[PDB]
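Undergrad:
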Amino acid sequence: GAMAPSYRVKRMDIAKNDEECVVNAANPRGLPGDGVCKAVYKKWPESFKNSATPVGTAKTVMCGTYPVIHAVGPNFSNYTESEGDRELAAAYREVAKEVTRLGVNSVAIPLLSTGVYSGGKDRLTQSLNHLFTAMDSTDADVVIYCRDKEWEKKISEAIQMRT
Ligand SMILES: [Cl-]
Ligand SMILES: [Cl-]
Ligand SMILES: [Cl-]
């Protein structure tokens, strides 16, 4: 574990992370996709061998010895708000299990279901709170990656609020 487990946020490409493993915002079919998923495919394409997994689950595939945790958040275009919320919470609980199993001291993680899977809604707070619920009991350093300057500020404030 980390000596003093922390949360941090960076505004940059998760494919350039400085952590011991990465969470992919995957699709259920293990396709290259777009956004975070396409950047992950370009950086770690070997990790997409048998990466297909259902909504609400996480499946780890090694690229060399570097773990890529494929986490499948719901597409809120397809799910009801209620069912989507349940699957989004579940995807993050499965990430916590994988991070624990791997024994890493740090993990790079995007906010699941906040991009093309958001169903055109702002889900920063919803997605981040489910990330916290899952990861709070783990002792890995968590580094959240985002692309928007306003999101960086909001995520940083939410981290600092808990102290
Ligand atoms: Cl960048
Ligand atoms: Cl997304
Ligand atoms: Cl963002």
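Numbering (PDB author numbering), first residue to last: -2 to 160. C-beta: ideal position from N, C-alpha, C; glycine also.
So, using beta-carbon positions, are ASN21 and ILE66 closer together than 8 Å?
TA: To locate residue 21, count along the sequence shown from 1; it is residue 24. To locate residue 66, count along the sequence shown from 1; it is residue 69. In contact: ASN21 and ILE66 (Cβ atoms closer than 8 Å).
Undergrad: Are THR50 and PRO25 close, meaning C-beta to C-beta below 8 Å?
TA: Stepping through the sequence shown from its first residue, residue 50 is reached at position 53. Stepping through the sequence shown from its first residue, residue 25 is reached at position 28. Contact flag set, yes.
Undergrad: Would you mind giving the Cβ-Cβ distance between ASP133 and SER103, rounded to the nearest angstrom? I have them listed as a contact below 8 Å.
TA: The residue you call residue 133 lines up with position 136 of the sequence shown. The residue you call residue 103 lines up with position 106 of the sequence shown. Contact doesn't hold; Cβ gap of about 16 Å is too wide.
Undergrad: In angstroms, rounded to a whole number, what distance separates the CA positions of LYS46 and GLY27?
TA: Residue 46 sits at position 49 when you count from the first residue of the sequence shown. Residue 27 sits at position 30 when you count from the first residue of the sequence shown. Taking the Cα positions, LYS46 is about 8 Å away from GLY27.
Undergrad: In angstroms, rounded to a whole number, what distance separates the CA positions of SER3 and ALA155?
TA: Locating residue 3 in the sequence shown gives position 6, where the first residue counts as 1. Locating residue 155 in the sequence shown gives position 158, where the first residue counts as 1. About 13 Å.
Undergrad: Helix or strand or just coil, what does DSSP make of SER124?
TA: Indexing the sequence shown from 1 puts residue 124 at position 127. Here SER124 sits in helix by DSSP.
Undergrad: For ligand 1, list every residue whose C-beta falls under 5 Å from any of its heavy atoms, going in chain order.
TA: Checking every Cβ against the heavy atoms of ligand 1 under 5 Å gives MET9 and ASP10.
Undergrad: Here's a check: name, in chain order, each residue in its chain whose Cβ is nearer than 7 Å to the Cβ of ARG90, leaving out the five neighbours to either side.
TA: Within the sequence shown, the letter at position 93 stands for residue 90. Excluding residues within five positions, the ones whose Cβ falls inside 7 Å are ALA131.
Undergrad: With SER44 and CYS18 assumed to form a contact (beta carbons below 8 Å), what rounded beta-carbon distance in angstroms separates them?
TA: Taking the first residue of the sequence shown as 1, we reach residue 44 at position 47. Taking the first residue of the sequence shown as 1, we reach residue 18 at position 21. In fact, because the Cβ distance is near 10 Å, the residues do not count as touching under 8 Å.
Undergrad: For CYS143, list the residues DSSP reports as bridge partners.
TA: Translated into the one-based positions of the sequence shown, residue 143 becomes position 146. Note: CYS143 sits in a beta bridge opposite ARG8.
Undergrad: Should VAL92 and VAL69 be called a contact, given that it needs their Cβ atoms to be closer than 8 Å?
TA: For this step, residue 92 is matched to residue 95 along the sequence shown. For this step, residue 69 is matched to residue 72 along the sequence shown. For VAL92 and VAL69, no; Cβs fall outside 8 Å.
Undergrad: Within the stretch 65 to 132, note down every full beta strand (DSSP E) run reaching 3 residues or more, in order along the chain.
TA: Within the stretch 65 to 132, the complete beta strand (DSSP E) runs of at least 3 residues are 103 to 107.
Undergrad: Just to confirm before moving on: does the CB-CB distance between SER115 and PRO71 stay below 8 Å?
TA: Taking the sequence shown and counting its residues from 1, the one referred to as residue 115 is at position 118. Taking the sequence shown and counting its residues from 1, the one referred to as residue 71 is at position 74. No.
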